[PDB]
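Protein chains get the first letters and strands the later ones, always in sequence-line order, with residue 1 at the start of each. Values below: all heavy atoms of this structure, side chains included; hydrogens, waters and symmetry mates excluded.
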Amino acid sequence: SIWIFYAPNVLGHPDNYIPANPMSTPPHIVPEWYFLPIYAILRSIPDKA
Amino acid sequence: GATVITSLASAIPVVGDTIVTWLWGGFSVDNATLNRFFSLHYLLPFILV
Amino acid sequence: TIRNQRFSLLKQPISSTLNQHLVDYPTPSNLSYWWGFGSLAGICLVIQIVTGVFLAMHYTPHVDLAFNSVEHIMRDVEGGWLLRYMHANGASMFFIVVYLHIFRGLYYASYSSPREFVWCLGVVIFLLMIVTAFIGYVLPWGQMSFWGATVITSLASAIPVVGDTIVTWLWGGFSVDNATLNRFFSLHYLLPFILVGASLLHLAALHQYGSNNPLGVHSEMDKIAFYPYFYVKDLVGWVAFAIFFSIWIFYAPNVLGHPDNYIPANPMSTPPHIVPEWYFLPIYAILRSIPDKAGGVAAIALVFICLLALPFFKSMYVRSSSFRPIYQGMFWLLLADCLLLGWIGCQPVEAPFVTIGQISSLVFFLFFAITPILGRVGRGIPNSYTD
Amino acid sequence: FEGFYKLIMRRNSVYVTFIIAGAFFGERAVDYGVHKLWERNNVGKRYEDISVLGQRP
Amino acid sequence: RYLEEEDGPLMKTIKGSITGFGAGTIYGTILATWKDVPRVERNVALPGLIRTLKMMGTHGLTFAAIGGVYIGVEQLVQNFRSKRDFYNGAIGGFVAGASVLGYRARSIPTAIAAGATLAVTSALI
Amino acid sequence: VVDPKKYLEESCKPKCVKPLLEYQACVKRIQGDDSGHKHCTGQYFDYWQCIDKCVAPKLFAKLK
Amino acid sequence: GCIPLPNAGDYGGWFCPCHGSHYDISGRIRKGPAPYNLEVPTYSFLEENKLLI
Amino acid sequence: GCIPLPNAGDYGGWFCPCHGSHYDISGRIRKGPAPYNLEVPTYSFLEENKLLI
Amino acid sequence: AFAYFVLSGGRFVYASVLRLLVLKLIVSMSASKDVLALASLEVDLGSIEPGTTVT
Amino acid sequence: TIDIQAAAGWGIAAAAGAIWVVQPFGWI
Amino acid sequence: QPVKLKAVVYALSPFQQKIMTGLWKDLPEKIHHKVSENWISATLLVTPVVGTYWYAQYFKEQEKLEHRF
Amino acid sequence: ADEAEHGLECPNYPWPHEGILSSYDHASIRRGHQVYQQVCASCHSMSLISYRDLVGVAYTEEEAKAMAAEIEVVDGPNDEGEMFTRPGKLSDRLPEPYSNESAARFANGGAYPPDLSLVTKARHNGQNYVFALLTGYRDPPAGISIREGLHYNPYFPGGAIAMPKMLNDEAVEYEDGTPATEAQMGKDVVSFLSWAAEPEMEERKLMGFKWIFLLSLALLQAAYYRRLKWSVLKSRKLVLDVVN
Ligand SMILES: COC1=C(OC)C(=O)C(C/C=C(\C)CC/C=C(/C)CC/C=C(\C)CC/C=C(\C)CC/C=C(\C)CC/C=C(\C)CCC=C(C)C)=C(C)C1=O
Ligand code: HEM
Ligand code: HEM
Ligand code: HEM
Ligand SMILES: COC1=C(OC)C(=O)C(C/C=C(\C)CC/C=C(/C)CC/C=C(\C)CC/C=C(\C)CCC=C(C)C)=C(C)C1=O
Ligand SMILES: COC1=C(OC)C(=O)C(C/C=C(\C)CC/C=C(\C)CC/C=C(\C)CC/C=C(/C)CCC=C(C)C)=C(C)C1=O
């Protein structure tokens, strides 16, 4: 309830409130916070494969 | 966010590009991708149950 | 035995539940092919779920895009016509198979003790099937879809005080519009999964006592494992059903439908002929047989009241119609009456179909009122028919 | 049929490859034959049989 | 030369079965009357009448089956193939002959002979 | 040149004499107005239904 | 909720194809399950040919 | 598949904000996980002030 | 031996049917004909000032 | 010494199946 | 609860029997059985459907001819 | 009233695409498409059909390209923010005659010319209906008058259609040299319309024949398999003590 009624948008990012633009690209593209640890493991290896 | 993860398949050398475009339903993230993500988003939670 | 070592993998805890309920479950050896329609209905349910999931990847539930997304499935996506025709004619195959299944249980009195709960779960499944197929037929958003959704939501108006507020809550507005379509799509995705759970409970009730048999007698002295004996018997039916399904899919994919649903929905003009899909016509006929709004809706509910109360009538102790000449005769009259009701629902409301519809509705209800009389009277058969 | 049994049915792995090969080759043989019947039953009605094909002004 | 009718394949089959039953009843009556009565039956009347009626019914049934199946298969040939000739019909005569008269005679060569004869007879027309 | 269907519709008239003569008699029986509600639509349909059933299985041969 | 077809029925008014409702020229229900006449909304004239609903 | 940011990175070229790929003036990657350089399409010059792709 | 030969004939068809139905669902997710119909065109452009880029 | 033969015979079955489901004759 | 049975059962291997020829064995007697047991049941299913259908066509034809001037 | 209300029932014509191994007559599709773009297209839309749909069916790739370039398609906005015009491409749908349904009704006496992309699937007995309607304009029966602006057609329900007779003789000129009579154009335009409603029919029919034949073979094997497994049970000899 504390998240729903008083901090409903702090767990997300404001950039999702802008309609999708295939042309421009957000300077800070991140996933939801619960995918961040996997996403940091992917970023550390300097090779796509 | 969708443009990256649906591109994770390209790391496969032989069929990587083929899997990405079959995943996308085209050549870019568009309505075919959003329509198929919605159907899978309805079905996966019942598998999760 | 002491299970120190590991025997057959089927009896390990990894597969024991699957083994005892699908591989080794004892089945009466004299089951006929009429017992293969439960697995056929299970396959039809899987066919509906699989094709619908893939169709939902191309369908847009919006009154401005719904009709064209179905046309885009048939014209643009590879194999889209097949997914569409396998789903639209699959619902028909789902109802043919389940109707044959129901009349099998009516002929052999499979609803009687100890299998009352099995019949009751089946009646609920029939209700779930009707709602699921009806709201799905609205999704293409053609002329039949729009006017079909208009009357069945309007059915709630038969309740005097809160009827109008239920109808409008169902619509999401003062008319059938995008709010109705969008919520019908969501419910159409959810309900088939509830159907899966209901059929699993239906099967578990059946395994409490085992299946009935064409003789209707105690069958524990002659039972065989389901696999392979009834697996290969079901496999004959599965291939036969596939040939039957394929004829409809490839050579007549539109005979079990009305051309009016190829016209985009027009809220201003009703079509001159407005009817549901064929599997709903017998209910349609009973509905219009009553010249009263509340009377018609009450009759529709009484159809499912009578089905639910059937296993609880105090009956004679003989199940199968093969030993019940009077009940056997009444079953075939009920079957003919049910075919007649479906044909009447396909006709315009005028003479002589009103009189024929009213008599057909009465005879249908006479089947359920007379059956408890039959068992009650036939209780005295053994004391009267002596050696 | 026992000579055939000794080469293919003795091991399931071979007998499985036999069913995969027959699925492949059987499907191709029916594909060709159904198409040949369709060509023979529809002489002159094809797109390559349009006389003025390629000549639209 | 043939422009006096209203047709209807199902009506055609029904009327043909009905005519077949009538002709078979007449034929069975004639055959029953031609025969003498068994010697154990000369002094009692009722079993002779029963045998006559049984012969009437059996012959009506077999003739109705022929007269129905013949035209039924004739139309089901000329409906699907949708070509009008004497060929459409040679098949109906054959199938009627074979099926009914081989079920009756219990012989396959007799079925083939009966179908062939009916085929030629319907071919001439 | 000349419409195959129209020629065939005139050449099939002998097959449909009975619906024709019944339509012709209906026309006579309604020549008086009677406030303009009598008509011969039913007999009209029977005649042309018979004519159409005669012309249909021979028209598509004259067409390429 | 269906729309009654005009110039149809047993009374020269409207006939609803869905369940067989017959409305007279005045829109009153005469035959069929329908329990009420067709609803009259508020309306008025302006001079002779402008009708406001 | 992300879109690199112009005038960014430590090579004066392009910087991908997604997983830190760095490109130079000639659209070549110098560090990061991207295997290849920026693809060159088929362009020409019809006049001094005219491109085509 | 005769039985196993007769059973393998039907086993050809079951595998063929299973393959066909799986590939139908897989390829239905591939690019549609309208999507493939918008994958080739030419666009022309002009000139821009030094040190700047245009997307 | 059969497990190596069963492995080799099931690899052939796997290879035939792969060439059968995906039929990459245009790509070879 | 298990039953307690006493019986002798002899069985022959499936690979020692003809599998299909029994489908067309004594075919005429099979048809005879099917029509003999079931002709009452077939009449109670076919007569109401055909009878009611025939009356409806008979009704519609006459009603169509009364409205014809 | 009674019989006019549904209309006159259409006959059964032998369409060349009827039959379990029958395809469309592609020459009649191309001919029937010229009838559409010269007679029908001024008032009827075919919004489901693209110019690429005809490639490999009636027209070549170049023919369909030159066809689409002949028409003016709106597009934009440009970089200045206005809507412009461009030649059609193969991806473009067949053009609409009117701007919306109300414009269509205003041009046609208040009646809407329906979209013809699915009309043979959107009517009962649709292919025969469309042919019989187009060739079925004639004089009304005695005692039946038709409101000015309407034309009598017994195949239309009610008998009064806002469509005028459009298939007058030589209304089109064919590219191959076929006499364009009313009945010839009526045949060709229905072949075109039937293909437009069901462009998948040829692939559908080749699939149906192939698999029904194969599934029939599996049914024979399924029966043998079932009988092989059950034979040990069906031929067993059971001995029991009981008599009555
Ligand atoms: C900056 O950039 C990045 C982001 O952006 C902001 C991110 O947000 C993230 C975080 C994201 C993740 C951790 C999710 C990635 C992981 C997975 C598994 C992806 C989730 C998977 C998918 C999207 C794939 C979806 C799968 C399908 C479409 C499969 C389709 C197939 C189906 C449904 C069935 C197949 C069919 C058959 C076998 C045929 C027969 C079927 C029958 C049913 C009969 C990262 C790392 C990132 O760097
Ligand atoms: C999706 C719908 C259904 C599924 C999947 C299903 C499944 C099954 C299965 C697998 C069986 C056992 C095997 C068989 O007898 O065929 C069975 C038995 C039975 N079903 Fe259902 N069924 C469905 C609908 C219904 C309905 C609608 C009814 C009744 C209104 C019903 C009543 C029964 C009864 C009484 C039996 C026991 C029959 C006997 O033992 O003789 N079922 N069902
Ligand atoms: C979760 C599984 C299911 C999903 C996702 C689903 C989804 C859909 C979708 C997207 C459509 C619209 C596309 C079309 O018109 O063909 C549709 C139509 C339809 N569905 Fe389903 N469906 C499912 C299960 C079922 C079941 C179980 C039934 C039967 C009881 C059913 C009956 C129908 C019917 C009758 C139509 C209309 C077919 C037509 O006229 O075109 N569906 N469904
Ligand atoms: C060969 C050319 C044409 C063909 C094949 C064609 C086809 C059709 C079809 C199939 C219908 C449907 C009738 C129904 O709903 O049962 C129709 C109706 C109609 N057409 Fe066309 N059409 C053609 C040309 C035209 C033209 C040139 C016009 C206007 C100048 C026109 C105006 C209309 C109108 C107003 C209707 C509706 C009439 C009514 O519902 O009362 N059509 N047409
Ligand atoms: C011309 O007329 C007619 C039609 O037209 C063509 C028809 O087709 C039918 C066919 C309909 C039949 C047989 C009955 C359908 C039965 C039911 C119960 C459908 C009602 C359910 C609906 C609309 C959706 C359910 C919604 C819910 C539960 C709300 C969800 C809310 C929450 C979960 C909180 C009939 C009878 C008819 O006469
Ligand atoms: C003696 O015993 C048996 C029977 O006699 C009563 C049978 O009639 C049948 C054949 C029929 C069955 C099993 C009908 C069951 C069907 C249902 C519940 C509907 C469709 C089934 C689904 C969706 C599968 C649900 C089950 C699970 C575990 C979910 C996961 C599965 C998948 C994702 C595919 C079998 C196998 C059987 O053994």
Close contacts, residues 16-28 of chain J versus chain D, judged by heavy atoms under 4.5 Å: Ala16(J), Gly17(J), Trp20(J), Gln23(J), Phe25(J)
[X], [atom1] atom: more than 12 neighbouring heavy atoms under 6.0 Å:
X: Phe25(D); atom1: CZ; answer: no
X: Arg11(D); atom1: CZ; answer: no
X: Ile12(J); atom1: CD1; answer: no

Nearest heavy-atom approach of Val16(D) to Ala13(J) is CG1-CB, 4.3 Å
Structural part of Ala21(D) lying under 4.5 Å from a heavy atom of chain J: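 For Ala21(D), there is no contact with chain J at all, as no heavy atom is under 4.5 Å.
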